[PDB]
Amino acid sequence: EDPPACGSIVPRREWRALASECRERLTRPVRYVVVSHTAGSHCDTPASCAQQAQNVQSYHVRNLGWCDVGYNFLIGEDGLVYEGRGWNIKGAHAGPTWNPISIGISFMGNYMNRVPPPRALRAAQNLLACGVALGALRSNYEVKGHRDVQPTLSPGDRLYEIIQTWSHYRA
């Protein structure tokens, strides 16, 4: 017994998460969400999306020396939310101006020339309220595309377009 919710977020264990070593808390109620893409391989079943999830925490951790997988949360084309660092700690996903005062969610794959399936987007907007319900995120929050806060092609052109049409999106 540790989680009885929330937007049916996969807890660290089901995807084989090596224990975070991160120790900088984020300051709930955060004001920003940054959307990004892993520019990684994509996955469409919960068995490709767990393996691919534990693939990026390991690059971040085996190779980059990081305390934990960079993104606050992760999202696959299979269509569920993967717990990363969470609401509480600070992520490493948008450089030093934003990392502290935002939450980062990353879609799992490259989105320059493909978009993700609706469930993927549905899984995200959900984490959204179930995270405002928690008070991690302000009622009135601003959403930003990775490339809006850092010079990168993240989250891909096709995934970018979509998030521009989100009500909480704000350049």
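Just count from 1 along the sequence shown to find any residue number. Only the largest set of C-alpha atoms that superpose within 1.5 Å between the two forms is called the rigid core.
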For this session: Once the rigid core is lined up, would you tell me whether 161-169 or 4-12 has the higher RMS CA deviation in 9 other deposited structures of this protein?
Result: 4-12
For this session: Return whichever of 115-123 and 132-140 has the greater mean Cα B factor according to the PDB record.
Result: 132-140
For this session: Look up the CA B-factors in the entry and say which stretch, 39-47 or 101-109, has the higher mean.
Result: 39-47
For this session: Go through 153, 17, 149, 163 one by one and give the residue whose Cα B-factor in the PDB entry is largest.
Result: 17
Problem set entry | Selection from 145, 65, 70, 29 [criterion: highest C-alpha temperature factor in the record] | 29
